[PDB]
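This report refers to the structure that appears directly beneath it.
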Amino acid sequence: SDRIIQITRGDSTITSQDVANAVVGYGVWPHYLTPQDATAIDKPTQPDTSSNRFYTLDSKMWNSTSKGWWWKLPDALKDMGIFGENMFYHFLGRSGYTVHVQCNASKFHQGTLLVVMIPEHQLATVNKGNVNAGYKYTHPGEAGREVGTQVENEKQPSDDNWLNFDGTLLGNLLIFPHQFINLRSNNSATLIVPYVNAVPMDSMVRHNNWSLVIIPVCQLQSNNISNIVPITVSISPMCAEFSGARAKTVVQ
Amino acid sequence: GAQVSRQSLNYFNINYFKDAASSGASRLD
Amino acid sequence: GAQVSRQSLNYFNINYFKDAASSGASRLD
Amino acid sequence: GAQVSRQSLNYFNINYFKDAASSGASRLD
Amino acid sequence: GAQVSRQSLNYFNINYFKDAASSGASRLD
Amino acid sequence: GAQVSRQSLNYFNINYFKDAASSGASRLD
Amino acid sequence: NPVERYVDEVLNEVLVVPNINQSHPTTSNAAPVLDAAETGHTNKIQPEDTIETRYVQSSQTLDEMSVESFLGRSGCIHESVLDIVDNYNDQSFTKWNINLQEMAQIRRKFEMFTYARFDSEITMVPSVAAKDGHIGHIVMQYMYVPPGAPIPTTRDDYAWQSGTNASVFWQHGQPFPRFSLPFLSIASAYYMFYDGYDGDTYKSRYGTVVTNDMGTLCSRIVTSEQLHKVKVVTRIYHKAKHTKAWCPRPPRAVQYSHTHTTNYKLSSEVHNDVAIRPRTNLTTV
Amino acid sequence: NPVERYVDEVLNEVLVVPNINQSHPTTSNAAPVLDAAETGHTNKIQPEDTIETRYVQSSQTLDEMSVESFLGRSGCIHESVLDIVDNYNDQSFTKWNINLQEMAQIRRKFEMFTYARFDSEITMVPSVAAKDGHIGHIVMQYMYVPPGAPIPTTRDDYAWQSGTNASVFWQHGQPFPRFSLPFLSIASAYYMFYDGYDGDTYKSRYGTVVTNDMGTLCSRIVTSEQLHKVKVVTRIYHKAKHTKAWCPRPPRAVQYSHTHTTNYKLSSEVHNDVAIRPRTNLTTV
Amino acid sequence: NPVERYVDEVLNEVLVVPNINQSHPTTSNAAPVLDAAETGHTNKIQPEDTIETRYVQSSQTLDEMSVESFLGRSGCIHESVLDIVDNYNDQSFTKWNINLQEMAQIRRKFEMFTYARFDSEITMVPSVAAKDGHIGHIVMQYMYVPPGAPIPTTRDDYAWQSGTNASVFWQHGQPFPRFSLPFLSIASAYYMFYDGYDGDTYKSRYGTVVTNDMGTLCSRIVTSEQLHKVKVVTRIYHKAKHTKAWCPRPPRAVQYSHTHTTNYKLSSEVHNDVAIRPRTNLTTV
Amino acid sequence: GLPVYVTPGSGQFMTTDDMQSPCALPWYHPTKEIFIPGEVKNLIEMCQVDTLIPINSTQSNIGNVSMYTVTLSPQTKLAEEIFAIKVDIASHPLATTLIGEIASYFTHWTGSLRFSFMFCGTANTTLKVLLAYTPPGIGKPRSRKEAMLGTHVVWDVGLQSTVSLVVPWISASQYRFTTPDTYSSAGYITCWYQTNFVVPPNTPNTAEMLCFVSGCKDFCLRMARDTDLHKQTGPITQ
Amino acid sequence: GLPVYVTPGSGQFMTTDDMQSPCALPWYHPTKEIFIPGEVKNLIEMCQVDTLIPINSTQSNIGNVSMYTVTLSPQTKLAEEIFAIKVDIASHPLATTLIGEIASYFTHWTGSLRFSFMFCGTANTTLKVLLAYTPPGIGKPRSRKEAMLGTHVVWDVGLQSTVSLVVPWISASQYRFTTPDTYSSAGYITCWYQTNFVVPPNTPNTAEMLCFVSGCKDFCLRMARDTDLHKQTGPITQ
Amino acid sequence: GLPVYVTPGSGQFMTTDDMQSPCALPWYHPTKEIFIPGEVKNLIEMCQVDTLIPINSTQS
Ligand SMILES: Cc1cc(CCCOc2c(C)cc(-c3coc(C)n3)cc2C)on1
Ligand SMILES: Cc1cc(CCCOc2c(C)cc(-c3coc(C)n3)cc2C)on1
Ligand SMILES: Cc1cc(CCCOc2c(C)cc(-c3coc(C)n3)cc2C)on1
Ligand SMILES: *C(=O)CCCCCCCCCCCCC
Ligand SMILES: *C(=O)CCCCCCCCCCCCC
Ligand SMILES: *C(=O)CCCCCCCCCCCCC
Ligand SMILES: *C(=O)CCCCCCCCCCCCC
Ligand SMILES: *C(=O)CCCCCCCCCCCCC
Ligand SMILES: [Zn+2]
């Protein structure tokens, strides 16, 4: 059936019996760095199955007033087993991902989530002059950020979902790799994205390559509101490889 | 852009720019 | 720097300087 | 407008404009 | 002063004056 | 006025005007 | 054939749009008009699928819509001012930290892409205003100072010797100066956006300021002090050549406020901050 | 042979007129001189048919009478004035809604056809009048603003950045600026006349104003305010290249009064309004 | 193939750097990392010898690092001043004993070699400052006077006739003058350094002044005295072409004090005289 | 030397000229190009991707995601109008969509537009809607019967959530102006209830609908111009 | 004459242009070239030669040859730090070395660096030292254990007096700025006692060490610029 | 560079000259030409058509 999907990565297998196909970002499947594009000269470490597996983040609750959520990669996985360890023990890292967003309800519920993967989502601050988003705020980890909850601070990024948190209109986010989780049609979204950057490998501690943004464009509604409807995200690194081994970087 | 003819009387109908609008007056007929 | 084609309609794609950055707009596709 | 002769000593009697009046002094005889 | 190569990609390494000092930067190696 | 030699190293000894006095310095010997 | 290709260039018919084919009535259990936007794909339905079309030969071309064409137009990126008011030595030279972020028109176009790689053509338009009447003989010097090279602190600084740096001297009356610059980045492409920092602390810088340092442009009136004061304004124009772009993104919807950042300001009446004109209601066209 | 054709171009002998052949006396029941103008056709009688002609070899050519030649001469179509009187910011820039209707000389020639298709060559002749004595360093900017693009409202408007629009910068002392423009219409030909409206109500516009919108030409003195005031008059000249024309019509017989309309005014003595000189009577030559 | 070589020139890929090859773990009695600097040779160990490297294809080129490139940039070597103050006849002409020792920027680069052979390209940038308001019609004469030729002692000296010497006349408004000079030495190469004297006595001269005499450059304003005084500053730029260099040496570490000599001055706090920034201690990075 | 004739235009600087110029950095070798996914070679590639139309952009909705949704509900009157907009690619509310934004960088447009709609109600909510395109030369339809006489699609909501209506290029001229021009106004698109929004008991009585737009295989833009959908009212500083 | 179009840029003087110009001395025949040993054709040749690092350039040592030596001696505490410097080619104390000086005439650099050390103690003095390179993205190591986790060489002093540590090119970008730039800082090199400085009786209890640096086969500089390691604060007179 | 001799006439603008000039709208593709009846290629075509003479053009 075209409604079913099984994704196996390492020791993890994920299923969904109500999918809306899958999207491969920019039509390129993740792959290891080739010698023609490489620059760092040391032999890379490739953890394989111990790193390229599904890691499930903290679930979020979707309710009638939710404004959205976002996570940044690789930041969201910095504390996820072997993948996390490798990104702090090495200066350079490189990886692709399989993002599987999960959200089931019922045939009597309605709502629509816009799931987008944005490359170089450089957040903006509002009405704060040339003060830019603070490192701490763009590195929330697996908890991600719940839009419209954070008590503002000077280095606090924008929480304007309609302006993509960066000064562009929400309706045009569809130009980026995306999928919709329309409760009447599917209960999950799957996006496979390759490594995208102007350099072959980069510091995973100070450069977030992709940003996962989830915005409910159609409010969650039903006649059984007491039943909590969560949103769960499972991300699996792909072709993760690291370079420049040394001591473990400790942030903060 | 050079239309080189030969007869010797060689003709060089050069077009210096890449847009047709740029060329001079048209030939006749 | 001259790419001389022939068809006669001869094309002369001359590159006057020695650095690639110096050339004009790129061709398409 | 090019009258190319060869002998090598090649002659190029170029006519830059399209009207006969435009050319320089006439040859003799 | 013209070093005409062919490959068509024809090269014209012209030397406009009669003294070697007059030419531009040297080639390499 | 073009004395085209070939060796390829092609020489173009052009005489732009029609009077011998107009040419540049003479060759030697 | 490079000559046929050449003709296409002259006529601008390198990229032709497809024709519309004649279609007919249909009664099928295959419904092209129905699909699922959830997939993240655009339904590729064409006019022939929804109505009965006639055959039409298309003569439109997409040449002008190419990235080379879109970004291949020279636009202003800086207006340098040298206003001689009361101190020639201090007011006859200046410097600018180069960037393509100060003028909204070209900035917005480049920012419709995440990464871009191109060579640059810079053309300068100097205009000398005779504040006191005469302009004399104005000769300008524009010196490109790569990051690290010594920046002149006086109009007679030794750095102006330009022993290695590239300087362009312009003489009033002569045509506008112009030169080309190869792709300058240390990376494979320029970052139009950069979700990164130059460190991992609360005080680390964020954005393209971390990656896009192109150096400094130092200008000076070479001519020594003259009786009559002048105000020289040099406008720098930039054009992208041999361009490549990656990962398209939404166009800037609000005004820019600063360089190297996506920051913006919102008023109490946000509809005034965007180009969206409020509708009376859903049925009022 | 393109070389023989070339020689014809140089000598202007591409289109030769026929020869006159020798004729003789005739006595026939075939009367070429008699016909019927009612048919709407012109009797094709030639001199050999009415008199006894000699043989004459014609050497006349019709090259100069070609449409390309007739419309291929540069004529003035606009005189732009920038007169600095008392406010530099307001008086240093202007705009013009482009059209070929403001100057009678070229307008009349184009209007001898119903439709015309051509490329344009624009040449500009700027002249700076030194009202106070010196002119300083004048640099002009002519920006073509297609319909829809933002029109600058001040001399420092961001639109002058010309990030996409085509701007031409001229420096006083340098040769007259000149550029070519491809056939600009959204239709297959330009309408010289248009018996139509942009709607079906009493207030709908009538004529070519509905179809011939070519945008706006915005000019500005780039140089900042100078001590001495100047009056810059830029005359725009237009020439048609690679021309095609359809359906010839009668030449304008009365003076033009407005653009985009055939409207005219008549005095009480109409003979003064037309080029017809009153005859004394039918037999006074 | 001269065409393939040509492409390499355009792309600047004439000199490519080697690739990094993949290496593996080793356990051997051959220790490349160990050597003896006493030999005066540099240990040629490469990254593959000390760590496990991956295979990487190099795309870097050394073209820009060539001697031709390093010394092939035009830098200022002299600033000639003709300041008309109160005596036109005396102040309208001057002379300079040619040398490449007066401007630190290019001097330091050439002095990184012991001997150098090259042709020279001289470009001059004259700027006329209107001290009193108008500049009139300025025409300059730059005459090269080889050692031995008569040096003009007045602005109307017969030597200005330039019957044999090479003179360059420049007219204000015309492009910057420029000419080439063949390798001028009587030896096979120019001495950048010379551990010798022009004799064997206590009063013999020491250094390059003995070997590097290039003559004198004599300048004069050709125009006769004008009402308004001007200050003409002519900056001479020099570029090396078709260069060859021998025996590289350490770069100048302290400021230059005089021409043709390595002499220098030291303050009581020598760390201020060199570019070395004092370290706090051995472990403070 | 070779006799030359300096032609008019010499020395001028035309922002759209295509000339060569010396390189300020001779011998410099650019950084090696690496493969980066997502290369764009022509803007048409961006015009063929669906983006949301801020169709419900009433003053109160602007600044809210709700400006992108149209609400549907059980009707008491038959054949009611749901929405109506102009088809003109750069008119509002189409202006800020990706295709509208790009079209605003050009003067002329041509081709067919593809409008898609995705129903967001429950899986148990049914509905039949009529989407119509009214060619120019007439006012927007006042009733379903009037609209129905033009180009239209009857959308039946079911397993497949999305439908597409194609606005064919029906014009006198081969191109139209991107900027609002009476002579080149392209017409209207209206939406009407074909049957009705029906739901079982205990099911939300309203539902949202999303609207998309993109260009068909024949879409084409011409004559580059600066956009009027973005401005700079002051200096952009550091 | 031939119609021409004068292009923008005409008449300008760009210090890096590459044009031809008439020769002021026609007919002149240059002096015959003779063979001179030591011809240099590319600056890379100079970058591949070892030069001493003024590593001990403390204010008191500058102006003394001692600024070029590091002193070693018997330790009472194990794994003590000996020295630490930045790997950045144009940073201090690397700046005044031949490779640092040449790199300062360019804007970008890439490649691997070769650091060599020569022990100058007596033939009877033994020692084992750990030389480490710490890639960026972390502070300089605070201990031998921390340093040891990165790239390193354990040097055993013996018959062969010199050892070489290669700092591999480990970077995100293909090039780095020669001038101090946060984004392109290359890391650190630290030296620690692996065992200890040991000597027999009647042998000096301290010894010196010399430090060298040069570029590997992949070292490369780009974008010529004027150096900031030398200035002119006044006229240079006769 | 190639030595040149600037000839008299240079820089002038003659309304009847025939030169080339750069195109302000590069890449622009003109609207397709369609068949329109009545094309005129030479004014002689109009001179060969009969038109009425206002022969009785007395002031009245
Ligand atoms: C992204 C991105 C790409 C760039 C490069 C812009 C080019 O900037 C320069 C300008 C305007 C002038 C010169 C320059 C060089 O030489 C002279 C005289 N001026 C050099 C550069 C790099 O900046 N940001
Ligand atoms: C019929 C018909 C045909 C036309 C086109 C006339 C051309 O008008 C223009 C002029 C005079 C100048 C420019 C222009 C473009 O770029 C610059 C600097 N000026 C552009 C146009 C379209 O107008 N009516
Ligand atoms: C070493 C070394 C090599 C040289 C030669 C420098 C070139 O100097 C000259 C300059 C600046 C101008 C002229 C010159 C010749 O003709 C004119 C008008 N000016 C001639 C020379 C030799 O000087 N030191
Ligand atoms: C046409 O498409 C290109 C036009 C090129 C202009 C340059 C014309 C001069 C060519 C001289 C070449 C001489 C041949 C050896
Ligand atoms: C390309 O690498 C060199 C470019 C040379 C520029 C000069 C072009 C004109 C050539 C005219 C030669 C005529 C042939 C006999
Ligand atoms: C004659 O009818 C046309 C005159 C063309 C003028 C241009 C002459 C220069 C031709 C250079 C071509 C070089 C050949 C490869
Ligand atoms: C070299 O020794 C002589 C250099 C001649 C300069 C003129 C170059 C232009 C030649 C054009 C000839 C076109 C061929 C038919
Ligand atoms: C000699 O008698 C006539 C000199 C002609 C001067 C023009 C030289 C340039 C020729 C270019 C022709 C290019 C060949 C196709
Ligand atoms: Zn005056």
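Following the order of the structure tokens, chains are lettered A, B, ..., residues in each are numbered from 1, and ligands are numbered from 1.
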Residue list for chain G near chain B as a ChimeraX atom specification, 7 Å, only C-alpha atoms: /G:9-11
Overlay target chain E, mobile chain C, all C-alpha paired in order, as a tab-separated table (two decimals) with N, CA and C atoms, in the first residue's frame:
chain	number	residue	atom	x	y	z
C	1	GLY	N	52.53	41.22	-34.26
C	1	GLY	CA	53.31	40.25	-33.52
C	1	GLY	C	52.22	39.34	-33.16
C	2	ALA	N	51.98	38.28	-33.94
C	2	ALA	CA	50.87	37.42	-33.56
C	2	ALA	C	51.09	35.92	-33.55
C	3	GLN	N	51.01	35.34	-32.35
C	3	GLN	CA	51.17	33.90	-32.16
C	3	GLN	C	49.78	33.30	-32.21
C	4	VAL	N	49.44	32.82	-33.42
C	4	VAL	CA	48.14	32.22	-33.71
C	4	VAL	C	48.12	30.72	-33.52
C	5	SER	N	47.32	30.28	-32.54
C	5	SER	CA	47.18	28.85	-32.24
C	5	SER	C	45.79	28.47	-32.67
C	6	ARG	N	45.61	27.16	-32.80
C	6	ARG	CA	44.31	26.66	-33.19
C	6	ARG	C	44.02	25.37	-32.45
C	7	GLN	N	42.74	25.24	-32.08
C	7	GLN	CA	42.24	24.07	-31.38
C	7	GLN	C	40.73	24.01	-31.61
C	8	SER	N	36.52	25.81	-33.28
C	8	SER	CA	37.99	25.85	-32.97
C	8	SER	C	38.29	27.00	-32.00
C	9	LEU	N	39.24	26.76	-31.09
C	9	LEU	CA	39.63	27.80	-30.13
C	9	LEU	C	41.00	28.33	-30.56
C	10	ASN	N	40.98	29.46	-31.26
C	10	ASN	CA	42.19	30.10	-31.75
C	10	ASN	C	42.70	31.13	-30.75
C	11	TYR	N	44.02	31.10	-30.54
C	11	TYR	CA	44.66	32.03	-29.61
C	11	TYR	C	45.47	33.07	-30.39
C	12	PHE	N	45.35	34.33	-30.00
C	12	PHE	CA	46.09	35.40	-30.65
C	12	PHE	C	46.90	36.17	-29.62
C	13	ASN	N	48.17	35.78	-29.49
C	13	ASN	CA	49.07	36.42	-28.55
C	13	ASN	C	49.78	37.54	-29.31
C	14	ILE	N	49.10	38.68	-29.43
C	14	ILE	CA	49.64	39.82	-30.16
C	14	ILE	C	50.61	40.69	-29.39
C	15	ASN	N	51.68	41.08	-30.06
C	15	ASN	CA	52.68	41.97	-29.49
C	15	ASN	C	52.56	43.23	-30.35
C	16	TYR	N	51.99	44.29	-29.79
C	16	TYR	CA	51.77	45.53	-30.53
C	16	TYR	C	52.97	46.42	-30.80
C	17	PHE	N	54.04	46.27	-30.04
C	17	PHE	CA	55.21	47.11	-30.25
C	17	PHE	C	56.42	46.26	-30.62
C	18	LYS	N	57.47	46.91	-31.11
C	18	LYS	CA	58.66	46.18	-31.54
C	18	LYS	C	59.79	45.93	-30.55
C	19	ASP	N	59.56	46.20	-29.27
C	19	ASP	CA	60.60	45.95	-28.27
C	19	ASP	C	60.03	44.97	-27.26
C	20	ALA	N	60.82	43.97	-26.91
C	20	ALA	CA	60.39	42.96	-25.95
C	20	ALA	C	59.94	43.53	-24.61
C	21	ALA	N	60.56	44.62	-24.17
C	21	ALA	CA	60.20	45.22	-22.89
C	21	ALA	C	58.73	45.63	-22.89
C	22	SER	N	58.22	46.00	-24.06
C	22	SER	CA	56.84	46.46	-24.22
C	22	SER	C	55.74	45.46	-23.91
C	23	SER	N	56.03	44.17	-24.04
C	23	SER	CA	55.00	43.16	-23.78
C	23	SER	C	54.58	43.09	-22.32
C	24	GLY	N	53.42	42.49	-22.09
C	24	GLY	CA	52.87	42.37	-20.75
C	24	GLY	C	53.54	41.31	-19.91
C	25	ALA	N	52.90	40.95	-18.80
C	25	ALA	CA	53.43	39.96	-17.88
C	25	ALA	C	53.81	38.68	-18.57
C	26	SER	N	54.86	38.04	-18.06
C	26	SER	CA	55.37	36.79	-18.62
C	26	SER	C	54.55	35.58	-18.22
C	27	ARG	N	54.66	34.54	-19.04
C	27	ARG	CA	53.97	33.28	-18.80
C	27	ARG	C	54.74	32.58	-17.69
C	28	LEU	N	54.19	31.49	-17.17
C	28	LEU	CA	54.84	30.82	-16.05
C	28	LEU	C	55.47	29.45	-16.16
C	29	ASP	N	56.73	29.40	-15.71
C	29	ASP	CA	57.56	28.18	-15.58
C	29	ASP	C	58.90	28.00	-16.32
Proximal residues of chain G relative to chain L (only C-alpha atoms; 12 Å) as a ChimeraX atom specification: /G:8-16,57-70,72-74
Backbone-only DSSP, strand (DSSP E or B) members of chain C, as an MDAnalysis selection string: chainID C and resid 2:5 9:14
Near-ligand residues for ligand 2, threshold 7 Å, only C-alpha atoms and all ligand atoms, as an mmCIF file with N, CA, C and O atoms, in the first residue's frame:
data_model
loop_
_atom_site.group_PDB
_atom_site.id
_atom_site.type_symbol
_atom_site.label_atom_id
_atom_site.label_comp_id
_atom_site.auth_asym_id
_atom_site.auth_seq_id
_atom_site.Cartn_x
_atom_site.Cartn_y
_atom_site.Cartn_z
ATOM 1 N N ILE H 98 6.830 58.123 -21.502
ATOM 2 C CA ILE H 98 7.279 57.919 -22.870
ATOM 3 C C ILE H 98 6.197 57.746 -23.933
ATOM 4 O O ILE H 98 5.185 57.086 -23.708
ATOM 5 N N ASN H 99 6.435 58.356 -25.093
ATOM 6 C CA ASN H 99 5.530 58.279 -26.238
ATOM 7 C C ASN H 99 6.158 58.958 -27.453
ATOM 8 O O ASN H 99 7.095 59.751 -27.317
ATOM 9 N N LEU H 100 5.646 58.629 -28.636
ATOM 10 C CA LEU H 100 6.144 59.200 -29.882
ATOM 11 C C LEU H 100 5.092 60.125 -30.466
ATOM 12 O O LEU H 100 5.040 60.325 -31.676
ATOM 13 N N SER H 120 14.101 50.116 -31.475
ATOM 14 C CA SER H 120 14.405 51.527 -31.374
ATOM 15 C C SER H 120 15.839 51.836 -30.996
ATOM 16 O O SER H 120 16.482 51.092 -30.256
ATOM 17 N N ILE H 122 17.848 54.951 -29.341
ATOM 18 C CA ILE H 122 17.665 56.215 -28.662
ATOM 19 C C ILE H 122 19.044 56.847 -28.513
ATOM 20 O O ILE H 122 20.008 56.179 -28.147
ATOM 21 N N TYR H 142 19.860 58.523 -16.369
ATOM 22 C CA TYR H 142 18.596 58.350 -17.059
ATOM 23 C C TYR H 142 18.185 56.917 -16.747
ATOM 24 O O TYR H 142 18.873 55.974 -17.131
ATOM 25 N N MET H 143 17.079 56.754 -16.028
ATOM 26 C CA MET H 143 16.610 55.425 -15.663
ATOM 27 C C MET H 143 15.280 55.085 -16.318
ATOM 28 O O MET H 143 14.322 55.854 -16.241
ATOM 29 N N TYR H 144 15.228 53.927 -16.961
ATOM 30 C CA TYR H 144 14.007 53.484 -17.609
ATOM 31 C C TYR H 144 13.177 52.733 -16.586
ATOM 32 O O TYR H 144 13.607 51.712 -16.052
ATOM 33 N N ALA H 166 17.136 49.513 -16.116
ATOM 34 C CA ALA H 166 18.267 49.920 -16.930
ATOM 35 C C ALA H 166 18.499 51.416 -16.792
ATOM 36 O O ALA H 166 17.622 52.225 -17.095
ATOM 37 N N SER H 167 19.687 51.776 -16.314
ATOM 38 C CA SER H 167 20.057 53.178 -16.142
ATOM 39 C C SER H 167 21.262 53.459 -17.019
ATOM 40 O O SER H 167 22.090 52.584 -17.242
ATOM 41 N N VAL H 168 21.338 54.687 -17.526
ATOM 42 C CA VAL H 168 22.454 55.121 -18.351
ATOM 43 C C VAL H 168 23.037 56.332 -17.639
ATOM 44 O O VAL H 168 22.318 57.281 -17.335
ATOM 45 N N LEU H 181 16.701 49.407 -28.092
ATOM 46 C CA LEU H 181 15.606 48.782 -27.383
ATOM 47 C C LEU H 181 14.873 47.854 -28.324
ATOM 48 O O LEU H 181 14.612 48.207 -29.481
ATOM 49 N N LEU H 184 9.101 46.440 -27.901
ATOM 50 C CA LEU H 184 8.523 46.334 -26.570
ATOM 51 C C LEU H 184 7.080 45.907 -26.329
ATOM 52 O O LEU H 184 6.743 45.537 -25.200
ATOM 53 N N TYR H 190 2.893 47.539 -32.844
ATOM 54 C CA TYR H 190 2.446 48.712 -32.119
ATOM 55 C C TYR H 190 1.225 49.229 -32.856
ATOM 56 O O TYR H 190 1.160 49.154 -34.083
ATOM 57 N N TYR H 191 0.257 49.749 -32.113
ATOM 58 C CA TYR H 191 -0.940 50.314 -32.716
ATOM 59 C C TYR H 191 -0.651 51.791 -32.946
ATOM 60 O O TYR H 191 -0.284 52.493 -32.009
ATOM 61 N N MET H 192 -0.799 52.267 -34.177
ATOM 62 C CA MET H 192 -0.585 53.682 -34.445
ATOM 63 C C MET H 192 -1.958 54.306 -34.239
ATOM 64 O O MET H 192 -2.077 55.472 -33.876
ATOM 65 N N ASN H 212 -0.817 51.689 -25.798
ATOM 66 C CA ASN H 212 0.582 52.094 -25.867
ATOM 67 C C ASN H 212 1.265 52.648 -24.625
ATOM 68 O O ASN H 212 1.751 53.777 -24.640
ATOM 69 N N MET H 214 4.415 52.696 -22.508
ATOM 70 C CA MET H 214 5.812 52.285 -22.572
ATOM 71 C C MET H 214 6.581 52.559 -21.284
ATOM 72 O O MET H 214 7.794 52.354 -21.222
ATOM 73 N N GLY H 215 5.887 53.035 -20.257
ATOM 74 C CA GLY H 215 6.564 53.306 -19.004
ATOM 75 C C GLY H 215 6.974 54.752 -18.796
ATOM 76 O O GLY H 215 6.399 55.665 -19.386
ATOM 77 N N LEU H 217 10.462 57.569 -18.146
ATOM 78 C CA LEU H 217 11.892 57.851 -18.183
ATOM 79 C C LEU H 217 12.135 58.837 -17.043
ATOM 80 O O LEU H 217 11.581 59.936 -17.037
ATOM 81 N N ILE H 236 15.866 63.941 -26.488
ATOM 82 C CA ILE H 236 15.831 62.515 -26.814
ATOM 83 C C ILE H 236 15.520 62.300 -28.293
ATOM 84 O O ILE H 236 14.497 62.765 -28.792
ATOM 85 N N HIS H 238 14.938 59.573 -31.505
ATOM 86 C CA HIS H 238 14.513 58.204 -31.755
ATOM 87 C C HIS H 238 14.577 57.807 -33.214
ATOM 88 O O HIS H 238 14.186 58.563 -34.098
ATOM 89 N N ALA L 24 19.571 47.931 -24.166
ATOM 90 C CA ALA L 24 19.254 48.203 -22.767
ATOM 91 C C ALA L 24 18.548 47.045 -22.078
ATOM 92 O O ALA L 24 18.600 46.918 -20.856
#
Interface residues on chain L facing chain B, 7 Å, only C-alpha atoms, written as a ChimeraX atom specification: /L:18-23,26
Keeping C-alpha atoms, export the residues of the selection given above as an mmCIF file, in the first residue's frame.
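Contents of result_7.cif, as written:
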data_model
loop_
_atom_site.group_PDB
_atom_site.id
_atom_site.type_symbol
_atom_site.label_atom_id
_atom_site.label_comp_id
_atom_site.auth_asym_id
_atom_site.auth_seq_id
_atom_site.Cartn_x
_atom_site.Cartn_y
_atom_site.Cartn_z
ATOM 1 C CA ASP L 18 24.020 53.823 -39.172
ATOM 2 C CA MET L 19 25.820 52.377 -36.172
ATOM 3 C CA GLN L 20 25.246 49.651 -33.635
ATOM 4 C CA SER L 21 24.630 50.246 -29.947
ATOM 5 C CA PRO L 22 24.240 48.057 -26.851
ATOM 6 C CA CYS L 23 20.738 46.831 -26.000
ATOM 7 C CA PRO L 26 19.472 42.041 -22.628
#
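Using only C-alpha atoms, the chain J residues found within 10 Å of chain B amount to residues 17, 18 and 19 of chain J.
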Put those residues in a file: N, CA and C atoms, as a PDB file, in the first residue's frame.
ATOM      1  N   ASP J  17      24.709  46.926 -19.651  1.00  0.00           N
ATOM      2  CA  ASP J  17      25.657  46.615 -20.713  1.00  0.00           C
ATOM      3  C   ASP J  17      26.336  45.279 -20.416  1.00  0.00           C
ATOM      4  N   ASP J  18      27.001  44.721 -21.420  1.00  0.00           N
ATOM      5  CA  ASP J  18      27.679  43.445 -21.274  1.00  0.00           C
ATOM      6  C   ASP J  18      29.060  43.557 -21.897  1.00  0.00           C
ATOM      7  N   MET J  19      30.004  44.087 -21.128  1.00  0.00           N
ATOM      8  CA  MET J  19      31.360  44.265 -21.608  1.00  0.00           C
ATOM      9  C   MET J  19      32.328  43.502 -20.734  1.00  0.00           C
TER      10      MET J  19
END
DSSP-assigned helix (DSSP H, G or I) among chain L, expressed as a list in words: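 For chain L, the helix (DSSP H, G or I) set is residues 44, 45, 46 and 47 of chain L.
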Contacts of residue L:34 within 10 Å, only C-alpha atoms, excl. fewer than 4 positions in-chain, as a list in words: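 Selected residues are residues 187, 188 and 189 of chain H.
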